[PDB]
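Q: Before anything else, here's the structure in question.
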Amino acid sequence: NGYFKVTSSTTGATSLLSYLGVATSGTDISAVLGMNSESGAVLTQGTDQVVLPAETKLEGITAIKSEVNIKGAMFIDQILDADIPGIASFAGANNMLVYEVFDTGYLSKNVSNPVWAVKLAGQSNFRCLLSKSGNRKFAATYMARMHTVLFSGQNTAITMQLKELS
Amino acid sequence: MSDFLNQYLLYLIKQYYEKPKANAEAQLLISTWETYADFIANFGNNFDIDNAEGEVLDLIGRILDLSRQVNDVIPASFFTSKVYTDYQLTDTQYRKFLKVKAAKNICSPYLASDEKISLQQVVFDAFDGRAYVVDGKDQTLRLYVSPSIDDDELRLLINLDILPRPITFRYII
Amino acid sequence: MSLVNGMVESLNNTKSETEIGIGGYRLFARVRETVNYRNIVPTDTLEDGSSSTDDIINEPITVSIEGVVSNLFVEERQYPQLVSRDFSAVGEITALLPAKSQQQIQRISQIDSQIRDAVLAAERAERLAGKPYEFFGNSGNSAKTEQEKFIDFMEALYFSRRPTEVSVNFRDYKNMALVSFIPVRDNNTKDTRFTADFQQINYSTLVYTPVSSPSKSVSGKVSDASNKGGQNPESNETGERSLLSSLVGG
Amino acid sequence: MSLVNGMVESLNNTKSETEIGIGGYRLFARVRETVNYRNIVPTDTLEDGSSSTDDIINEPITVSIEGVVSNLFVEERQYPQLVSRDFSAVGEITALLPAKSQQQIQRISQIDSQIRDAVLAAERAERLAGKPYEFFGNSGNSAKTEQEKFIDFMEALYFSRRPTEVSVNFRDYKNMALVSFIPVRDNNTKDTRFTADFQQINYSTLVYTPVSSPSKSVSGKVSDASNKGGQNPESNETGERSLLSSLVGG
Amino acid sequence: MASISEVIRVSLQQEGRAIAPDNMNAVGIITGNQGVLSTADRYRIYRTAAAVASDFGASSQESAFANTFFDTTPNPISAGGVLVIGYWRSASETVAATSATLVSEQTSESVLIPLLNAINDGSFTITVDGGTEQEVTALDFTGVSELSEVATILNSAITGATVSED
Amino acid sequence: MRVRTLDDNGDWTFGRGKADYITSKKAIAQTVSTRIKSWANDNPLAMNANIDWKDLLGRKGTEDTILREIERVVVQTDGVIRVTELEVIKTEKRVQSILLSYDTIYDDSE
Amino acid sequence: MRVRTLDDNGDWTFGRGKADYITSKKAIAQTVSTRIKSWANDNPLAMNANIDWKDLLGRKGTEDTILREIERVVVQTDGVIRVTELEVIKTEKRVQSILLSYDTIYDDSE
């Protein structure tokens, strides 16, 4: 895609020190190519040998949010109760929506019920959905049904109720 | 809640799908009609020479001219549903005789008839695949059988002319 | 006839908020907009003085819309036109049909895939019968300006020879037939000033029909015994296939 | 009939950029420009309430163009009109024809040179059927002013009695027949203000034709068996040549 | 069984529109019978014969007068008007001993509940019959969806008295 | 017009034939009450049964058309004459409650 | 509509009769794809086969008419409904590449 990648064969502490520096003779190809050190050439050095990142928390969504400008997200795996408020706060603080589904056991209004904890906390951006079976996909289609308004025509702002899902 | 009941309940308009009495009543009508639907569907299942017992078999006999009365005695298929006289046929034997008779109704004097149905094909699937017809010399019709058929039955079929036979016939043991 | 029928079926055409235009093409401006309710009242003084009434024969309403179409129309306040649903399988009632084996089923599947390609176009047409715009659709090509789109849609509606639904404010009349479409282009304005007269195709039901408008899934099911004329099959040539070889013997 | 036919053959006339005028004479100015799509919808309320549709009979589109012709017209932005190609020999398929000797060939050459002089005019005419302007051609003489050229071209088109193609903006209709041509000359402007109504000659194909429009080289080849009426040759006088002397004996 | 009813309900009008005698056509019928309008209930407002009956019985002459009232074809309620039954003490009204009451402020049920559901613990001081001051120190109002429920909670809390919502 | 009565919760009634039937002025009441409740593209035997709800409560800006369609259904009812209907609350949470009043063909005998 | 499939480079396919035939929604795809490619005054059996290329890529100022004629060919195809097409590059050397999108009669079954 118009990029020139140059990879050393060896892996691990394999620095390509040069950005294609000027040679002693011959017209210089380096600068015109873009490999040049003054040029905007990425030179990610060979990382050390096999590296173990630890096991993050669902708050690792931040890494996605700090890279994509997602405006509505879901998790394939269900957010643990103890971590719902956090992500809920996150939903507000990053000007986005997060859709999460819960099963039948959460149809109460006690404080311990996490969804009502969200409602009391005002986390209006952490949308909660209900699926008796636990069918997670209900969120995606719901997400896939909401973020669907071209905000340029007249009255294209849609409600949600009674709309076909997948 | 099978297919019939479900697809018919969609004709209940939505004021009445959820009111328990109305839904129960519509289900009552649908169910009573559904037993007829099931009967029509299972007529084929329960009519043919395979899944037939008692009177329908006899009906098949009278449609293929073979009464359970062979006037002969055959030993019992000791491996209740129905009992007859000794000199009649227990069901399973009379079933598979009727299959043989159905075959011999559509016989033909060709072992590999390409145009019409052969003798070989129809006698072979008469016995559900445990028969084998090869001709002889003085118009003998040698007939190999699997050992899952007692000699009494086959000798009876030859002695009643229920096997397919143009002019001459025989068996082998 | 009855005085009661008046209000009853006067409200039978209610204008939705979405404001269908000449059939979904609202991208013009309505300079003028008229309807013509007419009546034939037989002239001479009616005969009895007691009951010889019921003599106001009705007439096909015409609707005249003259407007202008420009390259750039900015519509003020109107809701989007959303594609109507395909509510054909609402009563579709299978599961009484016979049990038939695989590749006896799948042979039917191939036949269905084989003639759906030849029927589904007209099926969509009848599904979208009133409104031709979302049948023909937004032109979608960036080369054709807006007057392109208005002219080619109008020609498609006109050659279509199918009645359309036309909305004057406060009424979305259901079966208007395009009677006259005159677009004019002065040499002092690049827009197109068009006058379109439509005429309603009003038609009532003569025969006993318990069901007003059923699904496609039962529309033929509740149909009464239709009638076709006679014909002399012994005197046909376009299909005089010989007798099948399987029959001459038998 | 079908709703599908609408968009299909609504786009069947696409206006080329070159903007043919009244047939290639674009050297005037279009003061006004109208088309009249009409329809005959039978009036009385249609009979059934189920299927008695298909009752919008179509009509011949008319196209009215009123403009002015001056001695000096300066055209703003339009591409040149280029002479259409003579694509007659595209399928011309010789080399199966017989081997015949020289001056048997050349006798045919003389016959061909002999009747090409009598057919090639009408052959070009049919090649240039739609567009009469480049058939009649630019007048080419410096004596005749531009109004000369407009009048003599219009008279040639009118006496030609052949349909022409007429372009309203966004459409170049293919077979327009000149219905009315009224040029007017006020006594306060040396130009000519002319109104010309054309009417489309729309005609479809009744009979099975696998090939839509073939070359001249196969147009007769794929023609179906044409029919002429009877006649009584024994009762002709205009050519009652005697019997050839080579036949009376034999 | 998710009914159609939760997307549309269609019922019969229940309260008599609960209007007040504002216009000129606020006409009255004064009874003297201490059946239901005792002192301090000096009047009742009606817009139909049947309600007057249900509070008065088709047998009592007051319902008869209401019947001959509403039977006039252009009756007052057809022009922004009400009927009202009064009460003048004809003879020796005996007002039965009452019990002390405490009517609270007009609460909209759209604001009381959201404010209550955050209040974990309860706190009341009430006194009945001038007895020992009663302090209520636990009212888990979290699980409340309508004023009937807080009414029940207060009923269980305030000993020596009954709590109702109306 | 007769019609089978429905009990309070609106389920059907069998038994007491010719007596579970509403006589009049209440038959109109029941028939309007549940003509309003008939979603349009529900019944395969009447696909324009009554007003289209899945396409009117699922779209913004239909209150006027809700009201016009309710007036259409009510007026086109065997037994009613006039209507007098408007909206009384304003989506107290988001549910709006409209007030519908109609003059049956009865109570016009003077 | 059936039609013989063409392989990647677009040559014909023989053998596997009744199986080298494209069934649908792809038969439309193939048929539009090579209806675009049918120069007009080529076929002596259809001299207005499809749009005229020798007289549209050989003349200046036809991009609008190229697009209108491509829309004409595509729309007049057994199996398509709509189009959505425009030009995506601007003659990157001098070749312009246009993007053509059309809705077949399929994928409208909801």
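Chains: A, B, ... in order of the structure tokens. Residues: from 1 per chain. Ligands: from 1, in order shown.
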So which residues of range 31-76 of chain G fall under helix (DSSP H, G or I) by DSSP, listed as a list in words?

A: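 Output for range 31-76 of chain G, helix (DSSP H, G or I) only: residues 31, 32, 33, 34, 35, 63, 64, 65, 66, 67, 68, 69, 70, 71, 72, 73, 74 and 75 of chain G.
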
Q: Which neighbours of residue 73 in chain D fall inside 7 Å, counting only C-alpha atoms, when residues of the same chain fewer than 2 positions from it are skipped, and could you give them as number ranges by chain?

A: D: 27-28, 70-71, 75

Q: Could you list, as a ChimeraX atom specification, the residues of chain G having an atom within 7 Å of chain C when counting only C-alpha atoms?

A: /G:1,24,64,67,81-86,105,109-110

Q: Include N, CA and C atoms and write out the residues we just selected as a PDB file, in the first residue's frame.

A:
```
ATOM      1  N   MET G   1     -33.362 -16.708 -13.916  1.00  0.00           N
ATOM      2  CA  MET G   1     -32.587 -16.773 -15.140  1.00  0.00           C
ATOM      3  C   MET G   1     -31.300 -17.531 -14.902  1.00  0.00           C
ATOM      4  N   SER G  24     -28.738 -17.369  -9.752  1.00  0.00           N
ATOM      5  CA  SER G  24     -29.485 -16.138  -9.561  1.00  0.00           C
ATOM      6  C   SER G  24     -28.690 -15.230  -8.643  1.00  0.00           C
ATOM      7  N   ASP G  64     -20.586  12.469 -18.446  1.00  0.00           N
ATOM      8  CA  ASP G  64     -21.990  12.441 -18.067  1.00  0.00           C
ATOM      9  C   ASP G  64     -22.758  11.438 -18.906  1.00  0.00           C
ATOM     10  N   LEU G  67     -21.947   7.900 -17.929  1.00  0.00           N
ATOM     11  CA  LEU G  67     -22.660   7.498 -16.726  1.00  0.00           C
ATOM     12  C   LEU G  67     -24.136   7.268 -17.009  1.00  0.00           C
ATOM     13  N   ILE G  81     -32.973  -3.435  -9.904  1.00  0.00           N
ATOM     14  CA  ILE G  81     -34.035  -2.531  -9.506  1.00  0.00           C
ATOM     15  C   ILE G  81     -33.519  -1.111  -9.579  1.00  0.00           C
ATOM     16  N   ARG G  82     -32.543  -0.809  -8.743  1.00  0.00           N
ATOM     17  CA  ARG G  82     -31.981   0.516  -8.611  1.00  0.00           C
ATOM     18  C   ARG G  82     -30.508   0.473  -8.966  1.00  0.00           C
ATOM     19  N   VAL G  83     -29.896   1.647  -8.974  1.00  0.00           N
ATOM     20  CA  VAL G  83     -28.462   1.786  -9.144  1.00  0.00           C
ATOM     21  C   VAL G  83     -27.973   2.811  -8.135  1.00  0.00           C
ATOM     22  N   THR G  84     -26.666   2.826  -7.892  1.00  0.00           N
ATOM     23  CA  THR G  84     -26.056   3.922  -7.133  1.00  0.00           C
ATOM     24  C   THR G  84     -24.596   4.065  -7.560  1.00  0.00           C
ATOM     25  N   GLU G  85     -24.341   4.915  -8.558  1.00  0.00           N
ATOM     26  CA  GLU G  85     -23.049   4.902  -9.231  1.00  0.00           C
ATOM     27  C   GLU G  85     -22.520   6.298  -9.509  1.00  0.00           C
ATOM     28  N   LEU G  86     -21.205   6.440  -9.387  1.00  0.00           N
ATOM     29  CA  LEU G  86     -20.508   7.702  -9.588  1.00  0.00           C
ATOM     30  C   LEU G  86     -19.043   7.382  -9.840  1.00  0.00           C
ATOM     31  N   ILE G 105     -32.943  -7.786  -7.800  1.00  0.00           N
ATOM     32  CA  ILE G 105     -34.290  -8.093  -7.355  1.00  0.00           C
ATOM     33  C   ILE G 105     -34.290  -8.958  -6.108  1.00  0.00           C
ATOM     34  N   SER G 109     -36.507  -9.430   0.232  1.00  0.00           N
ATOM     35  CA  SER G 109     -37.512 -10.309   0.804  1.00  0.00           C
ATOM     36  C   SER G 109     -37.763 -10.047   2.281  1.00  0.00           C
ATOM     37  N   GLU G 110     -36.992  -9.158   2.903  1.00  0.00           N
ATOM     38  CA  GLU G 110     -37.164  -8.804   4.311  1.00  0.00           C
ATOM     39  C   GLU G 110     -37.179 -10.025   5.223  1.00  0.00           C
TER      40      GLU G 110
END
```

Q: Please give chain F as a PDB file with C-alpha atoms, in the first residue's frame, after it has been superposed on chain G by least squares over all Cα atoms paired in order.

A:
```pdb
ATOM      1  CA  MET F   1     -32.587 -16.773 -15.140  1.00  0.00           C
ATOM      2  CA  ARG F   2     -29.746 -19.168 -15.775  1.00  0.00           C
ATOM      3  CA  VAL F   3     -26.561 -18.309 -17.656  1.00  0.00           C
ATOM      4  CA  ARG F   4     -23.299 -20.140 -18.179  1.00  0.00           C
ATOM      5  CA  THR F   5     -20.734 -19.152 -15.614  1.00  0.00           C
ATOM      6  CA  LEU F   6     -17.479 -17.650 -16.731  1.00  0.00           C
ATOM      7  CA  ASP F   7     -14.250 -18.408 -14.905  1.00  0.00           C
ATOM      8  CA  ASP F   8     -11.918 -15.788 -13.454  1.00  0.00           C
ATOM      9  CA  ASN F   9     -10.460 -14.490 -16.708  1.00  0.00           C
ATOM     10  CA  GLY F  10     -13.894 -14.569 -18.321  1.00  0.00           C
ATOM     11  CA  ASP F  11     -13.579 -17.308 -20.924  1.00  0.00           C
ATOM     12  CA  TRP F  12     -16.446 -19.670 -21.557  1.00  0.00           C
ATOM     13  CA  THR F  13     -17.149 -22.895 -19.681  1.00  0.00           C
ATOM     14  CA  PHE F  14     -18.234 -26.206 -21.184  1.00  0.00           C
ATOM     15  CA  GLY F  15     -18.784 -29.470 -19.376  1.00  0.00           C
ATOM     16  CA  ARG F  16     -20.707 -29.868 -16.130  1.00  0.00           C
ATOM     17  CA  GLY F  17     -23.920 -28.967 -17.901  1.00  0.00           C
ATOM     18  CA  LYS F  18     -26.691 -27.698 -15.644  1.00  0.00           C
ATOM     19  CA  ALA F  19     -23.903 -26.967 -13.151  1.00  0.00           C
ATOM     20  CA  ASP F  20     -21.799 -24.388 -14.947  1.00  0.00           C
ATOM     21  CA  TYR F  21     -24.947 -22.293 -14.945  1.00  0.00           C
ATOM     22  CA  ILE F  22     -25.220 -19.407 -12.534  1.00  0.00           C
ATOM     23  CA  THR F  23     -28.437 -19.635 -10.584  1.00  0.00           C
ATOM     24  CA  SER F  24     -29.486 -16.139  -9.561  1.00  0.00           C
ATOM     25  CA  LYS F  25     -28.393 -12.892  -7.890  1.00  0.00           C
ATOM     26  CA  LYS F  26     -25.041 -13.765  -9.454  1.00  0.00           C
ATOM     27  CA  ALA F  27     -26.491 -14.421 -12.858  1.00  0.00           C
ATOM     28  CA  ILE F  28     -27.692 -10.851 -12.622  1.00  0.00           C
ATOM     29  CA  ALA F  29     -24.192  -9.897 -11.505  1.00  0.00           C
ATOM     30  CA  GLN F  30     -22.521 -11.600 -14.461  1.00  0.00           C
ATOM     31  CA  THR F  31     -25.116 -10.350 -16.910  1.00  0.00           C
ATOM     32  CA  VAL F  32     -24.739  -6.707 -15.859  1.00  0.00           C
ATOM     33  CA  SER F  33     -20.964  -7.078 -15.647  1.00  0.00           C
ATOM     34  CA  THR F  34     -20.703  -8.030 -19.287  1.00  0.00           C
ATOM     35  CA  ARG F  35     -23.654  -6.012 -20.552  1.00  0.00           C
ATOM     36  CA  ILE F  36     -21.544  -3.016 -19.703  1.00  0.00           C
ATOM     37  CA  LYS F  37     -18.808  -4.516 -21.862  1.00  0.00           C
ATOM     38  CA  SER F  38     -20.895  -4.851 -25.059  1.00  0.00           C
ATOM     39  CA  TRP F  39     -19.865  -2.270 -27.613  1.00  0.00           C
ATOM     40  CA  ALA F  40     -22.810  -0.988 -29.595  1.00  0.00           C
ATOM     41  CA  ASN F  41     -22.186  -1.396 -33.271  1.00  0.00           C
ATOM     42  CA  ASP F  42     -20.336  -4.673 -32.780  1.00  0.00           C
ATOM     43  CA  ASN F  43     -22.903  -7.399 -33.121  1.00  0.00           C
ATOM     44  CA  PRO F  44     -24.482  -7.621 -36.578  1.00  0.00           C
ATOM     45  CA  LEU F  45     -27.376  -9.357 -34.860  1.00  0.00           C
ATOM     46  CA  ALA F  46     -27.775  -6.549 -32.301  1.00  0.00           C
ATOM     47  CA  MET F  47     -26.267  -3.323 -33.597  1.00  0.00           C
ATOM     48  CA  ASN F  48     -27.609  -1.427 -30.611  1.00  0.00           C
ATOM     49  CA  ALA F  49     -26.473  -4.239 -28.351  1.00  0.00           C
ATOM     50  CA  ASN F  50     -25.340  -1.961 -25.557  1.00  0.00           C
ATOM     51  CA  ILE F  51     -23.700   1.406 -25.145  1.00  0.00           C
ATOM     52  CA  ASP F  52     -21.495   2.747 -27.935  1.00  0.00           C
ATOM     53  CA  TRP F  53     -17.918   2.822 -26.797  1.00  0.00           C
ATOM     54  CA  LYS F  54     -15.949   3.649 -29.932  1.00  0.00           C
ATOM     55  CA  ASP F  55     -18.051   6.815 -29.989  1.00  0.00           C
ATOM     56  CA  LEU F  56     -17.858   7.640 -26.291  1.00  0.00           C
ATOM     57  CA  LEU F  57     -14.291   6.963 -25.223  1.00  0.00           C
ATOM     58  CA  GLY F  58     -13.023   8.565 -28.425  1.00  0.00           C
ATOM     59  CA  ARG F  59     -14.684  11.940 -27.872  1.00  0.00           C
ATOM     60  CA  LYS F  60     -14.043  14.635 -25.311  1.00  0.00           C
ATOM     61  CA  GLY F  61     -16.755  15.482 -22.834  1.00  0.00           C
ATOM     62  CA  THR F  62     -18.841  12.360 -22.492  1.00  0.00           C
ATOM     63  CA  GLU F  63     -18.408  11.447 -18.820  1.00  0.00           C
ATOM     64  CA  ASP F  64     -21.990  12.442 -18.067  1.00  0.00           C
ATOM     65  CA  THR F  65     -23.202  10.433 -21.040  1.00  0.00           C
ATOM     66  CA  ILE F  66     -20.981   7.489 -20.112  1.00  0.00           C
ATOM     67  CA  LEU F  67     -22.660   7.498 -16.726  1.00  0.00           C
ATOM     68  CA  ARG F  68     -26.160   7.941 -18.122  1.00  0.00           C
ATOM     69  CA  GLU F  69     -25.635   5.121 -20.592  1.00  0.00           C
ATOM     70  CA  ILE F  70     -24.221   2.819 -17.923  1.00  0.00           C
ATOM     71  CA  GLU F  71     -27.289   3.531 -15.820  1.00  0.00           C
ATOM     72  CA  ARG F  72     -29.420   2.817 -18.890  1.00  0.00           C
ATOM     73  CA  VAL F  73     -27.776  -0.545 -19.524  1.00  0.00           C
ATOM     74  CA  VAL F  74     -27.836  -1.578 -15.886  1.00  0.00           C
ATOM     75  CA  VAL F  75     -31.422  -0.525 -15.171  1.00  0.00           C
ATOM     76  CA  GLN F  76     -32.658  -2.187 -18.348  1.00  0.00           C
ATOM     77  CA  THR F  77     -31.415  -5.549 -17.072  1.00  0.00           C
ATOM     78  CA  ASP F  78     -33.614  -8.459 -16.137  1.00  0.00           C
ATOM     79  CA  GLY F  79     -33.129  -8.603 -12.397  1.00  0.00           C
ATOM     80  CA  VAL F  80     -31.962  -5.211 -11.176  1.00  0.00           C
ATOM     81  CA  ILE F  81     -34.035  -2.531  -9.506  1.00  0.00           C
ATOM     82  CA  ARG F  82     -31.981   0.517  -8.610  1.00  0.00           C
ATOM     83  CA  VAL F  83     -28.462   1.786  -9.144  1.00  0.00           C
ATOM     84  CA  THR F  84     -26.057   3.922  -7.133  1.00  0.00           C
ATOM     85  CA  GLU F  85     -23.049   4.902  -9.231  1.00  0.00           C
ATOM     86  CA  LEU F  86     -20.509   7.701  -9.589  1.00  0.00           C
ATOM     87  CA  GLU F  87     -16.825   8.273 -10.314  1.00  0.00           C
ATOM     88  CA  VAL F  88     -14.282   7.442  -7.618  1.00  0.00           C
ATOM     89  CA  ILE F  89     -10.914   8.403  -9.078  1.00  0.00           C
ATOM     90  CA  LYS F  90     -10.364  11.261 -11.525  1.00  0.00           C
ATOM     91  CA  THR F  91      -8.340   9.680 -14.334  1.00  0.00           C
ATOM     92  CA  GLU F  92      -5.454   8.716 -12.077  1.00  0.00           C
ATOM     93  CA  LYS F  93      -3.336   8.822 -15.215  1.00  0.00           C
ATOM     94  CA  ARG F  94      -6.052   9.363 -17.768  1.00  0.00           C
ATOM     95  CA  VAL F  95      -8.212   6.314 -16.938  1.00  0.00           C
ATOM     96  CA  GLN F  96     -11.180   7.142 -14.741  1.00  0.00           C
ATOM     97  CA  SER F  97     -12.637   4.383 -12.617  1.00  0.00           C
ATOM     98  CA  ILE F  98     -16.312   4.628 -11.787  1.00  0.00           C
ATOM     99  CA  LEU F  99     -18.062   2.827  -8.963  1.00  0.00           C
ATOM    100  CA  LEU F 100     -21.341   1.141  -9.848  1.00  0.00           C
ATOM    101  CA  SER F 101     -23.692  -0.275  -7.231  1.00  0.00           C
ATOM    102  CA  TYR F 102     -27.077  -1.803  -7.957  1.00  0.00           C
ATOM    103  CA  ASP F 103     -29.786  -3.562  -5.968  1.00  0.00           C
ATOM    104  CA  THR F 104     -30.735  -6.831  -7.586  1.00  0.00           C
ATOM    105  CA  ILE F 105     -34.289  -8.093  -7.355  1.00  0.00           C
ATOM    106  CA  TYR F 106     -33.044 -10.257  -4.501  1.00  0.00           C
ATOM    107  CA  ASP F 107     -32.241  -9.097  -0.957  1.00  0.00           C
ATOM    108  CA  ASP F 108     -35.678  -7.440  -0.897  1.00  0.00           C
ATOM    109  CA  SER F 109     -37.512 -10.310   0.803  1.00  0.00           C
ATOM    110  CA  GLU F 110     -37.165  -8.805   4.312  1.00  0.00           C
TER     111      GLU F 110
END
```

Q: Identify which of the residues D:170, D:150, D:159, D:25 lies closest to chain C, counting only C-alpha atoms when measuring atom-to-atom distances.

A: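 Closest candidate: D:170.
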
Q: Counting only C-alpha atoms, what is within 10 Å of range 44-52 of chain B, bar same-chain residues fewer than 4 positions away, as a ChimeraX atom specification?

A: /B:39-40,56-61,91-92,94-99,102 /C:98-99

Q: Print the selection's residues with N, CA, C and O atoms to a file, as a compact mmCIF listing (two decimals), in the first residue's frame.

A:
```
# COMPACT_ATOMS: atom_id res chain seq x y z
N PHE B 39 -53.99 -37.26 11.16
CA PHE B 39 -54.48 -38.49 10.56
C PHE B 39 -54.17 -38.53 9.07
O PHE B 39 -53.72 -39.56 8.55
N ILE B 40 -54.40 -37.43 8.36
CA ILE B 40 -54.10 -37.41 6.94
C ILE B 40 -52.61 -37.59 6.72
O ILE B 40 -52.19 -38.33 5.82
N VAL B 56 -56.28 -53.86 7.59
CA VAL B 56 -55.69 -53.25 6.41
C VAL B 56 -54.90 -54.28 5.62
O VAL B 56 -55.02 -54.35 4.39
N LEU B 57 -54.13 -55.12 6.30
CA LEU B 57 -53.46 -56.21 5.60
C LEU B 57 -54.46 -57.02 4.80
O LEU B 57 -54.28 -57.23 3.59
N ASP B 58 -55.54 -57.45 5.44
CA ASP B 58 -56.58 -58.18 4.73
C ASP B 58 -57.10 -57.37 3.55
O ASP B 58 -57.27 -57.91 2.46
N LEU B 59 -57.32 -56.07 3.76
CA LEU B 59 -57.70 -55.21 2.65
C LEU B 59 -56.69 -55.31 1.53
O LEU B 59 -57.05 -55.58 0.38
N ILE B 60 -55.40 -55.16 1.86
CA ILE B 60 -54.37 -55.31 0.84
C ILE B 60 -54.47 -56.67 0.18
O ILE B 60 -54.32 -56.79 -1.04
N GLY B 61 -54.74 -57.71 0.96
CA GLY B 61 -54.90 -59.01 0.35
C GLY B 61 -55.97 -59.00 -0.72
O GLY B 61 -55.75 -59.40 -1.86
N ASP B 91 -49.42 -62.19 11.19
CA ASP B 91 -49.35 -60.98 10.38
C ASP B 91 -48.07 -60.90 9.56
O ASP B 91 -48.14 -60.84 8.34
N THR B 92 -46.90 -61.03 10.19
CA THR B 92 -45.66 -60.69 9.50
C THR B 92 -45.48 -61.53 8.25
O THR B 92 -45.11 -61.02 7.18
N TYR B 94 -47.88 -62.89 6.49
CA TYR B 94 -48.85 -62.49 5.48
C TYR B 94 -48.50 -61.14 4.87
O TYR B 94 -48.68 -60.96 3.66
N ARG B 95 -47.95 -60.23 5.66
CA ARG B 95 -47.32 -59.04 5.11
C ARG B 95 -46.36 -59.39 4.01
O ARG B 95 -46.49 -58.91 2.88
N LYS B 96 -45.35 -60.20 4.31
CA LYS B 96 -44.28 -60.31 3.34
C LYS B 96 -44.71 -61.19 2.17
O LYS B 96 -44.21 -61.01 1.04
N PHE B 97 -45.71 -62.06 2.37
CA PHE B 97 -46.35 -62.71 1.22
C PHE B 97 -47.04 -61.69 0.34
O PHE B 97 -47.02 -61.81 -0.89
N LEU B 98 -47.74 -60.73 0.95
CA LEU B 98 -48.41 -59.73 0.13
C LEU B 98 -47.39 -58.91 -0.63
O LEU B 98 -47.65 -58.49 -1.76
N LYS B 99 -46.22 -58.68 -0.04
CA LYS B 99 -45.17 -58.03 -0.80
C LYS B 99 -44.77 -58.87 -2.01
O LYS B 99 -44.64 -58.36 -3.12
N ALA B 102 -47.47 -58.62 -4.60
CA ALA B 102 -47.39 -57.33 -5.27
C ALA B 102 -46.30 -57.36 -6.32
O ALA B 102 -46.46 -56.80 -7.41
N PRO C 98 -47.55 -32.05 2.18
CA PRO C 98 -47.21 -33.46 2.37
C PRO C 98 -45.79 -33.66 2.84
O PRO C 98 -44.94 -32.78 2.72
N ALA C 99 -45.54 -34.84 3.39
CA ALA C 99 -44.18 -35.27 3.66
C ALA C 99 -43.60 -35.84 2.37
O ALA C 99 -44.14 -36.80 1.82
```

Q: Give one line per residue of chain C that approaches chain A to at most 7 Å, naming the two atoms of the closest pair and their distance in Å to one decimal, counting only C-alpha atoms; sort by chain then ascending residue number and deliver it as a tab-separated table.

A:
```
residue	atom	partner	partner_atom	distance
C:77	CA	A:154	CA	6.4
C:78	CA	A:154	CA	6.3
C:79	CA	A:155	CA	5.5
C:80	CA	A:156	CA	6.6
```

Q: Could those selected residues go to a file with C-alpha atoms, as a short mmCIF file (atom, residue, chain, number, x, y, z; two decimals), in the first residue's frame?

A:
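Output contents, as saved in selection-v5.cif:
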```
data_model
loop_
_atom_site.label_atom_id
_atom_site.label_comp_id
_atom_site.auth_asym_id
_atom_site.auth_seq_id
_atom_site.Cartn_x
_atom_site.Cartn_y
_atom_site.Cartn_z
CA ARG C 77 -40.09 19.82 7.65
CA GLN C 78 -41.04 16.35 6.55
CA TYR C 79 -40.35 12.92 7.98
CA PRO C 80 -38.34 10.33 6.06
#
```

Q: Can you tell me, as a PyMOL selection string, what residues are no more than 12 Å from range 114-128 of chain E when counting only C-alpha atoms, ignoring any on the same chain fewer than 4 positions away?

A: (chain A and resi 109-111+116-117+119-122) or (chain E and resi 99-102+107-110+132-147+149-150+153-154+157-162)

Q: As a PyMOL selection string, list the residues of range 5-97 of chain G assigned to strand (DSSP E) by DSSP on the backbone atoms of this structure.

A: chain G and resi 21-22+80-83+86-87
